[PDB]
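# Secondary and tertiary structure notes
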Amino acid sequence: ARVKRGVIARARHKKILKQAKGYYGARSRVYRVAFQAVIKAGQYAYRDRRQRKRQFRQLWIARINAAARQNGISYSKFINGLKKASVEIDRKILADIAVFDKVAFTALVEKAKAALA
Amino acid sequence: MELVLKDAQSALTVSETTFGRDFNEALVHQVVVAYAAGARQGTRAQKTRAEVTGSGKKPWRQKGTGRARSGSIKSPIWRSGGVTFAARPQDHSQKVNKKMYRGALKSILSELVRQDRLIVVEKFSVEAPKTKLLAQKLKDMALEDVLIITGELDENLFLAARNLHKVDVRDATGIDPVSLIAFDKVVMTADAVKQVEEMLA
Amino acid sequence: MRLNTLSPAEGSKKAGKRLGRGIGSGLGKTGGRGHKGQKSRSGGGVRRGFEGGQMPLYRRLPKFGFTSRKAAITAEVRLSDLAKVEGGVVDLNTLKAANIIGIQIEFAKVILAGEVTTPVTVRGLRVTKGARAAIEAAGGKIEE
Amino acid sequence: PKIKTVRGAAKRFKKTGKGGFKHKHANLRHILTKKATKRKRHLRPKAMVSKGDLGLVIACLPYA
RNA sequence: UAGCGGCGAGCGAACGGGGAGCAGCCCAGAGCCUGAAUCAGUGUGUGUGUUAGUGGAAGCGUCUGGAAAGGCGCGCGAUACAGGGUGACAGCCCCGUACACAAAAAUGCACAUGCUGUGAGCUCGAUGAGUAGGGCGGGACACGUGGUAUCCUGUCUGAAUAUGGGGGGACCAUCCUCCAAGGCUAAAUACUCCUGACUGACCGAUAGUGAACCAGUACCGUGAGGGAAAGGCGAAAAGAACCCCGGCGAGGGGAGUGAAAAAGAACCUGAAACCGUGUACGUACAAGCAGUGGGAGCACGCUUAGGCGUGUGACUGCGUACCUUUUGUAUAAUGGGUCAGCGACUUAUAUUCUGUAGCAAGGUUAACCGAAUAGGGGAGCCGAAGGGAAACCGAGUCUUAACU
RNA sequence: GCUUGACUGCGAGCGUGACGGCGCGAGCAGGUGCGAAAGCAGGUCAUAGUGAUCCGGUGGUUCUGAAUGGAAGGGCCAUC
Ligand SMILES: [Mg+2]
Ligand SMILES: [Mg+2]
Ligand SMILES: [Mg+2]
Ligand SMILES: [Mg+2]
Ligand SMILES: [Mg+2]
Ligand SMILES: [Mg+2]
Ligand SMILES: [Mg+2]
Ligand SMILES: [Mg+2]
Ligand SMILES: [Mg+2]
Ligand SMILES: [Mg+2]
Ligand SMILES: [Mg+2]
Ligand SMILES: [Mg+2]
Ligand SMILES: [Mg+2]
Ligand SMILES: [Mg+2]
Ligand SMILES: [Mg+2]
Ligand SMILES: [Mg+2]
Ligand SMILES: [Mg+2]
Ligand SMILES: [Mg+2]
Ligand SMILES: [Mg+2]
Ligand SMILES: [Mg+2]
Ligand SMILES: [Mg+2]
Ligand SMILES: [Mg+2]
Ligand SMILES: [Mg+2]
Ligand SMILES: [Mg+2]
Ligand SMILES: [Mg+2]
Ligand SMILES: [Mg+2]
Ligand SMILES: [Mg+2]
Ligand SMILES: [Mg+2]
Ligand SMILES: [Mg+2]
Ligand SMILES: [Mg+2]
Ligand SMILES: [Mg+2]
Ligand SMILES: [Mg+2]
Ligand SMILES: [Mg+2]
Ligand SMILES: [Mg+2]
Ligand SMILES: [Mg+2]
Ligand SMILES: [Mg+2]
Ligand SMILES: [Mg+2]
Ligand SMILES: [Mg+2]
Ligand SMILES: [Mg+2]
Ligand SMILES: [Mg+2]
Ligand SMILES: [Mg+2]
Ligand SMILES: [Mg+2]
Ligand SMILES: [Mg+2]
Ligand SMILES: [Mg+2]
Ligand SMILES: [Mg+2]
Ligand SMILES: [Mg+2]
Ligand SMILES: [Mg+2]
Ligand SMILES: [Mg+2]
Ligand SMILES: [Mg+2]
Ligand SMILES: [Mg+2]
Ligand SMILES: [Mg+2]
Ligand SMILES: [Mg+2]
Ligand SMILES: [Mg+2]
Ligand SMILES: [Mg+2]
Ligand SMILES: [Mg+2]
Ligand SMILES: [Mg+2]
Ligand SMILES: [Mg+2]
Ligand SMILES: [Mg+2]
Ligand SMILES: [Mg+2]
Ligand SMILES: [Mg+2]
Ligand SMILES: [Mg+2]
Ligand SMILES: [Mg+2]
Ligand SMILES: [Mg+2]
Ligand SMILES: [Mg+2]
């Protein structure tokens, strides 16, 4: 029972050469190079799934900082004031109000100002 | 237990330990796969690196040429070289214990009775050794794929069933585990039941 | 029961150990052999009893005894084997005909193993003290 | 083919009732004046092969 | 296993048992005898094969299709539904197959049968001499000189000869058994250059023979010798009449054949590396394993005219390949130019242990017989009893004069 | 001063060792030596003073003894 490898090796090489679409040079048309590119892209995607949640909280904090300082309070005092006032709105929403509802944010900064004072 | 006879409407008594025991799928399977293994001819062979035609001259010197070292034109790595683990003619037959082969048949016969696939007749033959005869005989009995077990090998019945693909005519001593399962229905003459009664004991 | 519906018992057809067929199989690369030893070579491995050059156990211990040719032609007979004979005579010849002792055994001894429940006569076979009591307790008799 | 017994081991080990092996004690062949009688007396009876060395003996005696 | 063994590596019987197959004889010589059996050659038959061959059943309509053997419907043969071909898959189209027949000539085998040649029986005998044995040196015996029997002999010797001699594993006595120094002998056994038939959980063009092909060829070597690559149009050549550009070229565009020419002979399918043409997007102030997370803009498909999908990816955070070997590699340590095909834990036997199955103090046969994957075959193997070096004893035994 | 316990054959139980092994050991027999006897003596205050296995040598032996009786050889015990 001799087994020929032509059909299944063709499909296994095509399987990851399709995953290497858009890569530069041999990384998108040469199997040996494309396998390393596909594996490395898998390692990067796994770790950037976990540091996408950091890069976005950094963005939210920086925007809450910028908006709070326009209302006369820093980020650190703003968050501390919100905890004292028992406001559970998180950074994703706080940074959303800061951009799309300027009146609500300043009505929300005054909530933290009263809690601290 | 007893088996009803379609031909004569009488009854025939048989041992419960032969035609009435539980099905042993694990045991029946081993005997069946060991029957198919004994049908293998097992005649085949490839050439090792010692049997490929060619000389033992080293293709190129050990060092200095810049090529990967080689020692034989017949290395299995090379094309037109030897096969690494080239096969030999081998015997694939397995040993089946006597108490298992008989034990497997008893489970097969018992399961045929439970599935209404074993039918017993008083006698089964054809007047002339003509294939058209038992072809008509089996239409009357409403049988298409059938194995006929006869007490004595009937020459007319053997010749008249030879050209029918879905019909097999044996004798009570020519019963095998595979053919009992491989056929839709099994027809045993009352003489044949007695012989397998005293063969399977 | 069809030829394509009968299957083996659960756990009776353990699959073989395929060695060196990728990372995921757990047996790829070295194939259970480790790295860079004599035991990892094709055909490598030390013989039986070799201990690295230290005098092996089967050579630093002394030989003892001799093989007795009389024990090769002497057998032992159990009480449960006395009923296997035909005719109620447990002699040296009636005991080979029952396939109890080898065809070339010349001395047999009946020991207390099993039990005697029928009267038998034992000619020419040595009988232990325990077996003599049991043979005579079943109505049998022992003859020199 | 049949495994070959290590004939040297078959002359030094005998298998007992429960699968162990008995062997003759070493140090009792010569140089015996300088050995105390207590040392030689304890060295006369046969001993059993230890747990560590059973693997090396079962290998050498496949038909034990 | 017993043994042999720097008692190491290893080597490794026989007795006995079960089977296949069985077959016995005549020259050491004379009497009658009588051409007597068994035999070799040759002819004559009588059969049976081999070397050519002969007959050999039974199907039509309709649908798709280039084409029917396919679908559907209704029939028939079958001791023939093995196989192959035919425009797709045929029991009934063809060749065959089952079966039944056939030899002028040559020839194998088996009987009968004459002729030629040797010889059957009874009595009386006789009983293989430089031989057996020995010394020295070697070799074969499972046996390596060992306490070493036995066999062979290169060299020196050397009997008895049936009232005798050999062997029974140093050797002696007794006993048992056999008769060397002369020969012949079928079957069971081994193999396949070659012939025929059939088969394959064997390969299918880098495989299988080195060789599917004009292969032991081309080619290499002084030579012995080494030794390739290379298969497929189509059902049928119907292998492209004719016209046009071109050098009365190569090559191509039409025409035509064909189901199909993107089946056009560099011819089934036609992958990947590699190289181009076209389109969309990005790209000439910008630094690095070239990706990944975020992300505008642009183009495009929308079928709720709805946001999404697809292509690209300005900018931006993070980010020094893979394998191997290592304490540790981006390492400037190894390996890899890329693609495609091939390439490495197998097989046989034995032993031990797990899972599973059958029987169970029993289990199981091997060879072989049997057409029998049946059935027979229990020769044997393992287990139910161990202790001791052993005799021996025995649920005990060894140790010791004896053990609490 | 007298002596030979520098005994014979076993040893519950322990310590060390991967193992081979190497230690310590009270107690049981059998026979002793010292002491009036309670006792203690199985070498030396202790820890080095050593060499496995194979192969053979010597003495003993209720073992074995290749047809049988012996024997050779082997085994076991002591020892080189
Ligand atoms: Mg194939
Ligand atoms: Mg591409
Ligand atoms: Mg050479
Ligand atoms: Mg090849
Ligand atoms: Mg059988
Ligand atoms: Mg692992
Ligand atoms: Mg390695
Ligand atoms: Mg190493
Ligand atoms: Mg290792
Ligand atoms: Mg090798
Ligand atoms: Mg050394
Ligand atoms: Mg027997
Ligand atoms: Mg000694
Ligand atoms: Mg025989
Ligand atoms: Mg014809
Ligand atoms: Mg015809
Ligand atoms: Mg049409
Ligand atoms: Mg049709
Ligand atoms: Mg076609
Ligand atoms: Mg001679
Ligand atoms: Mg001699
Ligand atoms: Mg010797
Ligand atoms: Mg002799
Ligand atoms: Mg002689
Ligand atoms: Mg003679
Ligand atoms: Mg002769
Ligand atoms: Mg001859
Ligand atoms: Mg080839
Ligand atoms: Mg091809
Ligand atoms: Mg030339
Ligand atoms: Mg043209
Ligand atoms: Mg010109
Ligand atoms: Mg032209
Ligand atoms: Mg046309
Ligand atoms: Mg095409
Ligand atoms: Mg085609
Ligand atoms: Mg083509
Ligand atoms: Mg392409
Ligand atoms: Mg621009
Ligand atoms: Mg600048
Ligand atoms: Mg720019
Ligand atoms: Mg740059
Ligand atoms: Mg920079
Ligand atoms: Mg993204
Ligand atoms: Mg970076
Ligand atoms: Mg490497
Ligand atoms: Mg280093
Ligand atoms: Mg690093
Ligand atoms: Mg370097
Ligand atoms: Mg490097
Ligand atoms: Mg390199
Ligand atoms: Mg490579
Ligand atoms: Mg291996
Ligand atoms: Mg079980
Ligand atoms: Mg103890
Ligand atoms: Mg006194
Ligand atoms: Mg002192
Ligand atoms: Mg001192
Ligand atoms: Mg030595
Ligand atoms: Mg020696
Ligand atoms: Mg004796
Ligand atoms: Mg004798
Ligand atoms: Mg003798
Ligand atoms: Mg002696």
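Residue numbers count from 1 along every chain, following the sequence as written rather than necessarily the entry numbering; any residue without coordinates is not displayed. To label them, take the chains in the order written and letter them from A, then take the ligands in the order written and number them from 1. Taken together, the chains in view make up part of a larger assembly, and the values describe this part alone. The side-chain figures draw on all heavy atoms in the structure; neither hydrogens nor water molecules are used. Residues with missing side-chain atoms are left out of burial classes, side-chain pairs and their counts.

Chain C goes by 50S ribosomal protein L15 in the PDB entry, where it is assigned to Escherichia coli. Under its PDB record, the entry appears with the title "Cryo-EM structure of the Escherichia coli 70S ribosome in complex with amikacin, mRNA, and A-, P-, and E-site tRNAs".

Per the PDB entry, chain A carries the name 50S ribosomal protein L20 and comes from Escherichia coli. UniProt positions are given in the numbering used here, feature names are shortened, and annotations may be inferred rather than shown by experiment. Here chain A is described in UniProt, under the heading Function, as follows: "Binds directly to 23S ribosomal RNA and is necessary for the in vitro assembly process of the 50S ribosomal subunit. It is not involved in the protein synthesizing functions of that subunit."

### Thoughts on the overall build of chain C
Think of it this way: any DSSP run of H or I at least four residues long counts as a helix, any run of E at least two long counts as a strand, and we number them from the N terminus. Regarding its fold elements, chain C presents 3 helices and 6 strands. Along chain C, helices (α) and strands (β) appear in the sequence α-β-β-α-β-β-β-α-β when read from the amino end. Using C-alpha atoms as the atom set, the radius of gyration is obtained and then compared with a globule rule of 2.2 Å times the number of residues to the power 0.38. Relative to a compact globule of 144 residues, whose C-alpha radius of gyration would be 15 Å, chain C shows 29 Å and is clearly more extended. In this description, contact between two residues means that some pair of their heavy atoms is separated by no more than 4.5 Å. The long-range share in chain C, meaning contacts at least 24 apart out of those at least 6 apart in sequence, stands at 40%.

### Remarks on the protein's contact with RNA strand E
Here a residue is near a molecule or strand as soon as one of its heavy atoms is found within 4 Å of it. Lining the immediate environment of RNA strand E, one finds 119 residues, of which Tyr44(A), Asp48(A), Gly11(C), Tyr58(C) and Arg78(C) sit closest. Of all atoms in RNA strand E that approach within 4 Å of the protein, 71% are sugar or phosphate atoms. The definition of a polar contact used here is a pair of N or O atoms within 3.5 Å, where within protein one atom must be able to donate a hydrogen and the other to accept one, and adjacent residues in sequence count solely through side-chain atom pairs. With respect to RNA strand E, the side chain of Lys130(B) contributes an N or O atom lying 2.5 Å from a phosphate oxygen. Sorting elements by how many residues they give to the surface near RNA strand E places helix α2 (residues 31-50) of chain A first, with 9 residues. Note on residue categories: nonpolar means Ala, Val, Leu, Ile, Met, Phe, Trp, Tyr, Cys or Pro, charged means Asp, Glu, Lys or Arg, and polar means any other residue, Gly included. Among the residues making up the surface near RNA strand E, the classes are represented as 40 nonpolar, 35 polar and 44 charged.

### Remarks on the protein's contact with RNA strand F
Residues in close proximity to RNA strand F total 34 residues, the closest being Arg59(C), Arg60(C), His30(D), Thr33(D) and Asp53(D). For RNA strand F, the backbone makes up 74% of the atoms found within 4 Å of the protein, where backbone means sugar plus phosphate. Side-chain polar atom of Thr33(D) to a phosphate oxygen of RNA strand F: 2.5 Å apart, as the coordinates give it. Here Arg41(D) contributes a side-chain N or O atom positioned 3.2 Å from a base nitrogen of RNA strand F. Of all the secondary-structure elements, those providing two or more residues to the surface near RNA strand F are α1 (57-60) of chain C together with α2 (37-41) of chain D. By residue number, the principal contributor to the surface near RNA strand F is α2(D), which donates 5 residues. Counted by class, the surface near RNA strand F contains 10 nonpolar, 10 polar and 14 charged residues.

### Re the interface of chain D and chain C
If you look at the interface, chain D gives 23 residues, while chain C gives 11 residues. When two components associate, each loses some accessible surface as probed by a 1.4 Å sphere; the sum of these losses over both components is called the buried area. Across the chain D/chain C interface, buried area totals approximately 1500 Å², and carbon plus sulfur atoms make up 68% of it. Put simply, chain D and chain C have 5 residue pairs in polar contact between them. Taken together, the elements giving at least two residues each to the side of chain D that touches chain C come down to α1 (7-10), β1 (13-15), β2 (21-23) and α3 (51-60) of chain D. For the side of chain D that touches chain C, the residue count by class is 11 nonpolar, 3 polar and 9 charged.

### Details of the pattern of salt bridges
Here, a salt bridge means any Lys or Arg side-chain nitrogen found within 4 Å of an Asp or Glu carboxyl oxygen. Summed over the entire model, instances satisfying the criterion amount to 12 salt bridges over all chains. As a salt-bridge pair, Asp176(B) and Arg170(B) come within 2.8 Å of each other at their nearest N and O atoms. Buried residues are those whose accessible area, probed at 1.4 Å on protein chains only, stays under 20% of the maximum for their type, while exposed residues exceed 50% and partly exposed ones sit between those limits. For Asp176(B), a relative accessible area of 7% translates into the label buried. In this structure, the salt-bridge partner of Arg2(C) is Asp184(B), at a minimum N-O distance of 3.1 Å. On the criterion of chain membership, the pair formed by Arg2(C) in the segment before α1 and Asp184(B) in the loop between α6 (177-182) and β6 (185-189) is interchain, its members lying in two chains. By relative accessible area, which is 29% here, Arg2(C) ends up partly exposed. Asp184(B) gets classed as partly exposed once you look at its relative accessible area, which sits at 33%. One network of salt bridges, in which partners are shared, links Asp168(B), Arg170(B) and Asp176(B).

### What about the interface of chain B and chain C?
Contacts between the two partners involve 16 residues from chain B and, on the opposite side, 8 residues from chain C. Between chain B and chain C, a total of about 1000 Å² is buried, with carbon and sulfur atoms accounting for 64% of that surface. Of all residues in chain B, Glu25(B), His29(B) and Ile181(B) bury the most surface against chain C, accounting for 48% of the area lost on that side. At the surface where chain B touches chain C, the tally comes to 1 salt bridge. Connecting chain B to chain C are 3 residue pairs in polar contact. Listed by contribution, the elements that provide at least two residues to the side of chain B that touches chain C are α2 (25-38), α3 (98-114) and α6 of chain B. Here the side of chain B that touches chain C takes 5 residues from α2(B), the largest share from any one element. Classifying every residue of the side of chain B that touches chain C by side-chain character gives 10 nonpolar, 2 polar and 4 charged.

### Here's the deal with the pairing of strand β3 (residues 107-110) of chain C
Residues and elements named next belong to chain C. Along β3, the buried face is formed by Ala 108 and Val 110; none of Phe 107 and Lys 109, which line the opposite face, is buried. When DSSP finds two or more bridges between a pair of strands, those strands are recorded as paired. Where strand β1 (residues 74-77) lies against β3, 4 bridges are found, and the strand directions are parallel. Within the sheet, the bridge partner assigned to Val 77 lies in β3 and is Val 110. Pairing of β3 with strand β5 (residues 126-127), which is carried by 2 bridges, proceeds in the parallel orientation. Bridge pairing links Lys 109 to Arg 126 in β5.

### Quick word on the arrangement of the chains
When the 3 pairs of chains in contact are compared, the highest contact count belongs to chains C and D. Nothing in chain A touches chain C, and the closest approach of their C-alpha atoms is 14 Å. Nothing in chain A touches chain D, and the closest approach of their C-alpha atoms is 28 Å.

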